[PDB]
Amino acid sequence: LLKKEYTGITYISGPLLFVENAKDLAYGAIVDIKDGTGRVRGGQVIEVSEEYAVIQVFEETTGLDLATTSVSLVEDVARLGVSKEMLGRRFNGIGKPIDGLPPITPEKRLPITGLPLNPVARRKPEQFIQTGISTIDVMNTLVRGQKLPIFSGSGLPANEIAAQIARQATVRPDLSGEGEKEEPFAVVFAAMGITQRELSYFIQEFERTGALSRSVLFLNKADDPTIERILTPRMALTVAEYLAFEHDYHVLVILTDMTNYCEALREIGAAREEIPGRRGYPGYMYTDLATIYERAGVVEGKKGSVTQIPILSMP
Amino acid sequence: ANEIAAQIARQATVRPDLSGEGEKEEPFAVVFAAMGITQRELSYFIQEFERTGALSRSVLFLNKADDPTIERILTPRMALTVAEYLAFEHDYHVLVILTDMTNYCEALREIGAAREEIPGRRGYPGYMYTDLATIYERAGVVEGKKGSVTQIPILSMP
Amino acid sequence: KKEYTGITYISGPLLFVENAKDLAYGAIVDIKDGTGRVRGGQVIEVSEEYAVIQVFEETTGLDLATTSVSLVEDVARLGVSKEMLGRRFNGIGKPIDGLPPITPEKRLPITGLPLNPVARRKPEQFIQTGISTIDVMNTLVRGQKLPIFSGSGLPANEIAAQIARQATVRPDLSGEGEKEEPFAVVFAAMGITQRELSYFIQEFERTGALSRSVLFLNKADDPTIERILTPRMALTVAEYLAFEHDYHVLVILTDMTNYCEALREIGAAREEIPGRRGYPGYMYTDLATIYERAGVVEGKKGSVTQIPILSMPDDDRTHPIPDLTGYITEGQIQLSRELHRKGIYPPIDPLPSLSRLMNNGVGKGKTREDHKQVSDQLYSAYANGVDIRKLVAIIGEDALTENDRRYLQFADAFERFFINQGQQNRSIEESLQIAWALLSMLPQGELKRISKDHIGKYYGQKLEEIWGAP
Amino acid sequence: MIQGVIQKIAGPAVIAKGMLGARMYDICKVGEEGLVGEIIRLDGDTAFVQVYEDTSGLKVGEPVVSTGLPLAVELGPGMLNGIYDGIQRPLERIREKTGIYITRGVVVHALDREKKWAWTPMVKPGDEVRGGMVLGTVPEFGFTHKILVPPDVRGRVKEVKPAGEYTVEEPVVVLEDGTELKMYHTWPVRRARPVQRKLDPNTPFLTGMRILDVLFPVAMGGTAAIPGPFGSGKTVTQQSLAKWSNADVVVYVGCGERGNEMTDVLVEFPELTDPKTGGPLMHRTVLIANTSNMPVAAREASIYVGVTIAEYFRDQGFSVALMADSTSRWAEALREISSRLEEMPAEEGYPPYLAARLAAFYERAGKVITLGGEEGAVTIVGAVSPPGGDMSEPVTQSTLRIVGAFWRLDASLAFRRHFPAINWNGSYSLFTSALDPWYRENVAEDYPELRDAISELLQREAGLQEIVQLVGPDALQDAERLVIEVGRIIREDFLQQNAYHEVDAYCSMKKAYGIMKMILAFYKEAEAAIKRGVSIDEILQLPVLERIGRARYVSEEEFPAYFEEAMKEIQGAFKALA
Amino acid sequence: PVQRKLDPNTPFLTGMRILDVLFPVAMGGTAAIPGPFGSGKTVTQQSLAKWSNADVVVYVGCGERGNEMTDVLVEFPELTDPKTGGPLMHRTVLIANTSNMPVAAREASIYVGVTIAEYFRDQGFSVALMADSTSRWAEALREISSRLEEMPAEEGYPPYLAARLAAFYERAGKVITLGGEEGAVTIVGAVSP
Amino acid sequence: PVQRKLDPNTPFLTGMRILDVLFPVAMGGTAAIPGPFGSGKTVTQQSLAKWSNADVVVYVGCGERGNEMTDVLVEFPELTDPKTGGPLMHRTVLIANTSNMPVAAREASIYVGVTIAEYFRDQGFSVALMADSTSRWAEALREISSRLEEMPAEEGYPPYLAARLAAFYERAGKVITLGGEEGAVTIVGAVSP
Amino acid sequence: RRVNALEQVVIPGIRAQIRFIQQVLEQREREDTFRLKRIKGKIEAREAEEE
Ligand SMILES: Nc1ncnc2c1ncn2[C@@H]1O[C@H](COP(=O)(O)OP(=O)(O)O)[C@@H](O)[C@H]1O
Ligand SMILES: Nc1ncnc2c1ncn2[C@@H]1O[C@H](COP(=O)(O)OP(=O)(O)O)[C@@H](O)[C@H]1O
Ligand SMILES: Nc1ncnc2c1ncn2[C@@H]1O[C@H](COP(=O)(O)OP(=O)(O)O)[C@@H](O)[C@H]1O
Ligand SMILES: [Mg+2]
Ligand SMILES: [Mg+2]
Ligand SMILES: [Mg+2]
């Protein structure tokens, strides 16, 4: 397929840049920005019009100039190439491998924003999960298809609790007489704004348990670009949905410290001069958070399930 | 508040015997201005005025809750124009009741925000003091004339 | 010489003039109208098509047909000389005492260059202000920035006048006696009214303190840009004197709250978005450019010392003007309203006041060797007596021990004699004598913070020296 | 290069036309005086440049020249024993040519261009060089400065200069491509230097301070925050870390402090002595000095320059300690810069990206394997100053989220003249679990359990405070008076240190282990005597209390004899008791 | 349109003791149930749907979870209508617009629900209307006004929010229909501050 | 213009114990009396107009009720001047600009009042000037500033408000007139926060 | 009893009220900043209607 470039840059200020004659850029498309030194940046179209098109850059705009910069189209919708071989791999939130191994061969390319589940196609979650904790299993019991976050403080050990729940989780089919087999279990771990001292703990715990052979890890570090923190949970949820609803896996998704996600969203929103909300946060957080949490559940006629355990620290 | 206003309108009278005049007075004429009123309160007011027999002396200006909002700008002005005309041209004693000035203030804030006016506190336009003053200060008594205007506005504190 | 007549817009304090690209940014201009009256102005923006001028005074008589603009000077400059001692100025360099204008030795920009941090040296000598609560417990060191925090009705102006009247250096206490050193006081009054202006004029001339002082006085009805320019001119004169004639100068700034509000309206008039609580976002840097012009320099015998004065808006110490001042200054002296209402003058409360460079200007070789321990003991004993006084109101006087009653009487006598000095001019020796007389009311051995060597030398004197004449 | 002319002047903001081709965030020289600034916005043929210094006197039409590079530092020989501002201007050389004032538009070089250095080549023609390898060595004070190829340069060596005297400007190695490598190179301050791999923390950063690196230790390559109020010791502890730590090179950063406080640091520091060799402490330290009246851009960029220099010294195989004084004053400059750019505030006036910048600054620390195949580390200690002691301000939460240690100071212990004044109840450390495989191999096998026993003894004293604040201290039972007295002994003889003493200023791990063993040997025997049944006052009078107290001031080389003597003495004294 | 509006004089039996005894609501009245998260607003509105004595129940889920609609779709076909013995789902109309559905459709669902409730009123039935949340409708209005670059009044909401809310609640009441019959509509709206 | 300003050394007697004893004001001094609605600002100012020892009283009704001016017009001709014995209204000048009058005339009333008060100063009298509300002047300035589309201050006021307030208050004081006589003007201004 | 009552009840409520009032005032200031930005944008847009 051919490629098309645009060189009519007219205005650069902060995270935004304007392209003059780009009338054939679709709304929400992914663009590829190249400067005079050959370094390549990414960006997304946030507004398109006859006079110009507005593109925000995924990282800083140092080194760009109006004389040599060019913008190239990549795809009309942000997509992720998924495969059944992603189990046991590690990725940096934007989708590139960071384990040193060769990249994967995608079976399909799915949109990362997803689609809403039809309420008719859903079914009731009814399968009880035994976690091994009395205060949970008796008084706050967890069901396959539930989204049950953990509200934590600063110095409290929420991560140890999450790891213990991941280790000890079982479904107990004998109480309902549902056979003996296990429909395969999987763990999708996404970390946004995590530090090395903490990430090493999860890595060592997964290695000691031996659960790394059936897990997919998306890692976004504190020095990574701020936009890549926004995209991190969406790709993890896309992979989890693909596995659960096309290969009948019972996946368990752990999102760590969504407070970092909310502060990143506040940064991105305040970078575009918008009307703020209750404490400077954007006024549209409810929809943005609903587009992440609502992707879990169970579907009629299918064996797979998605279970979410987000973690957030209360300020 | 509506029950108290209705009771006041029902029971109000002067006492010429205490002042030594010895005159027997005539009942107040009532001008009733409703702004964004609901059916639950409008029906109560109508039934109260029917039971007390004061409809034959009353002029009613009704702007219901499902009516367009911007009409609330005009209603107090016409109600007070009628009250002033009656009191200072035909020597009536006029009692004016305005149901809810909060709805009037919201209707004014809508226009003020549509015109990008400089706001005061809590987003209300800066000229709301003058606009409220052009309504309230139309009451009082006039030298050399028998009539009078009395106002009992009602408003809800948020 | 050259006049620009292309005026195209007048509204409030601003006017636009076309084809004026020859005017430098920040220059001073004269605005002339058809009646012959001449007004001042400052250029605030220069462009290819037009320039923007902020006008002093008012713009009543102006019109687009006959107004003309002429250049005065590209950079605001002040003529400095040693003749300025004994003169008064209106805040922009114009005399108001009726004497002929001075002849300048030099003309210097009013905005000053920063001091090189490798050129400074540590402050090590004190200034005798004549007030016991400042000299003894919160000593002012040559090169320190020690602001005074006051309220609304508190007498800050009287304290400022007393300090300017009584300030002196003590070379006899330093080393073997050293030598005489010149001293001067620079007074800047900003946003004062007519009553305070008359008070200052009478106070400085009724006692002969004018012969060693320079006064910059700015009224409340004067233009605000003059209020902006006043402290920079005061500091320019102070720096010139100190670092070109080896004077020891003392700068008093009468009210920095007026300066901060004036900066606020100036920023608002230039379409700038404010920061915290409506104040400009660059207020910290602007205040730092004023305070950090004081200090002492290696290789130089002169020094500059500052005593800023400000009034807390609603007694809120978290307000931005008191908040940012504490981040640049080296302590504070806080006046108390309760002491003022009890009739005590000056109402200096020793508990929240603090001097951070005190330890460098006390000790043997200067003042007296028992200064620091005496100050610490007085602070602790007063802190005890204050809460004993509140405990008395509930539990009664008879329920106390003997030591608590002695602490209560010590607090009463302290507030009666040490703080309430009135208009007296006390030397450091007299203040230390009174301090040791007050400590003698406490029994020996309870003076924990003082060594036995000084206790065996100074303890025991009775209060009769000041008790016989409070 | 791109050259233009001024079109509009309005405060610090300048609009220059004819600048087509200039890049964003480049450093430009504005006007005939040469004022520096940054390009913040591009629009057609015009560029918006924000000038650092005072702009009064500028005129329309003066030239604007773009250097074509962002904010960067010169890295090479000659940085040790130097004093710099926030943008790496040598203040000492500025003083020589200007006087007591800093005139605007002065031009100086960070590295001296005329000093001769002793070159010694290591590579030979025909060798292939990649980023990070060593080209040669140059002696500098007590160290040997390794000359590194820039990280972005690779090629094959064509010609090498022989050994001799050269300046930093003369090329020493020229590649086959034609690129000439000098003794120095430049690197942007806001971009992290690359490494091969980051290692785990497994070695302690020995501070020499008993409470700090016994109760709340920090590993090598870790991070720590030390908040406190005035008179709380913040400064003495920092300079004590500079004096006594095992770090090779110390970097001191002062962001917008008071002038008279920078005066103390600049005057006192040359007078200190390095305990390793007896030479000046200045021979291994670099200071960045900024006062409140310097331009806000330098104050904001002060810490990035320091961390870049620390990373450069880490890349040579050294161990570097970085001390950032009062990061709150850096946050104030960040707030001012954001206000001048008309950005939306969040929380207490701060820009919404404060936490991102703080995370990006603290994440540069750690122990790594350098590109040259050698290990190195950077340790960051950052001082915080809350406005009123409330740790609920945004900066303190933003710091608490990422640091591995938290040394909370308190002025209440300074009022009692107990130093170091560290609140041991509010402090914490996260490096204890990964450090004990080093402790029980290089200190003693019983060290961790002894430390937990000492911590338990400290905790039990704190649980009896609501007894003593109601009932008089002397009325308590024997079993409680004993733990109160042992808590006082811990507070006065172990958790207290004198930095001005000849031998007490620095304490080793063997000495501290001996003291802790001594105290526990006292405590166990006193407890056993308590069930034996004796007068408690006699225990509080026994001469072994002097052996407890005087163990601090014994020298390092003669400690073990004293320890053995006290070990036999406590047993002999408690056997002599009835 | 209607002929007349009448004063309500008969209770709306909800099946809960505290609501039916202490704070009753009439057959043509309106009620609001504000509360924090996890307080009981949805369980109270589904219990009203299950146990009330209305003839037709219209449920409007403006911007809420998708599992609750599945619960309603599954449980209701098996329950029994209290006053006619048939399945409970035969008298229920569901309008569902979940939280991850398009935002601008939240405004339309409220109007669609109230229009259907008004239509069943004209046939002489007694209709009960439940709105799961009006704060989501307010958020949709806020988002649209933000796109229009209008000046917000308070908290970011458009200044005409109160007029819309008053116009929605005013459609309730007991009326005499154009056909001469008698019908009534009750509106119960949940608020999520 | 005048010849010379003089220091204040003579009290302005008001007739109220707390103001005369605890918080005195001199003959050429200035004072401010702020407070919420219903605290007593107008009654205090009218008592000062009745009982003070000033030779001439000038009253400025800037943007307040008309009944307050009617009370002064009706009751003052019946009272007695304390220091002359004639009718009280013979020494009083009233400037009236009520709330429903045009907005732009509020500033003009203040300036007219202060100019008349200075004119009576030049004849050797001691004049007391009462401003009923200086906040309405600021509100009028804000209303005009809205129509000018200029940049506002902290609460929408124009930035030059403090300069106007300072220029109004500094017109008071005890002076030596151009004819050599002595006069004084004292200003008491109310604030309505 | 009074000491315990004050320490465990009276102070935290006052602290919570202070923390609530501070947030309300900060939100109002932020809204004011947004409005000032919009009016400055309109002012700059006005001058370009006919150059
Ligand atoms: N190890 C120590 N030995 C003796 N004194 C100490 C010690 N540590 C801190 N101090 C005291 O703490 C005080 C605080 O000094 P410094 O750290 O320089 O200023 P600040 O803490 O106010 O920034 C000093 O007066 C010093 O005497
Ligand atoms: N009447 C009730 N009886 C028992 N549990 C209830 C009742 N009302 C509410 N709950 C509990 O409240 C929880 C959720 O309340 P919900 O209706 O979701 O409130 P909201 O919709 O405001 O979040 C349910 O898990 C349920 O157990
Ligand atoms: N000195 C006083 N003696 C008696 N009543 C007073 C006094 N001062 C005020 N009041 C009462 O307080 C009310 C305050 O009204 P007013 O002063 O007219 O309004 P405002 O103070 O809001 O302008 C008056 O109705 C009056 O009855
Ligand atoms: Mg310090
Ligand atoms: Mg719900
Ligand atoms: Mg009044």
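By the numbers in Swiss-Prot, the shown part of chain F spans 194-386.
Backbone N, Cα and C define each Cβ position, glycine as well.
As recorded in Swiss-Prot:
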BINDING   F:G228, F:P229, F:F230, F:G231, F:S232, F:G233, F:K234, F:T235  ATP binding site
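Mapped onto three states, the DSSP output places F:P229 (ATP binding site) in coil. A Cβ distance below 6 Å to any atom of ligand 6 is met, among the binding-site residues F:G228, F:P229, F:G231, F:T235, by F:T235. Residues F:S385 surround the recorded ATP site, their Cβ atoms falling within 8 Å of the Cβ centroid of F:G228, F:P229, F:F230, F:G231, F:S232, F:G233, F:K234, F:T235, which are themselves excluded. Annotation for the binding-site residues F:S232, F:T235: lowest Cβ count within 10 Å of the residue's own Cβ, F:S232. Under a cutoff of 8 A between CB atoms, and with a sequence separation of 6+ in the same chain, the neighbours of F:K234 (ATP binding site) are F:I226, F:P227, F:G228, F:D325, F:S326, F:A383, F:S385. A 10 Å cutoff on Cβ-Cβ distances gives F:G233 (ATP binding site) a total of 10 other Cβ atoms nearby, all chains included. Listed in sequence order, F:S385 are the same-chain residues at least 6 apart in sequence whose CB falls under 8 Å from the CB of F:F230 (ATP binding site). In sequence order, F:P386 are the residues of the chain that are 6 or more apart from F:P229 (ATP binding site) and have a CB within less than 8 Å of its CB.
Each of the binding-site residues F:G228, F:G231 was scored by how many other Cβ atoms lie within 10 Å of its Cβ, and the smallest score goes to F:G231.
Under DSSP, F:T235 (ATP binding site) is assigned to a helix (H, G or I) in the three-state scheme.
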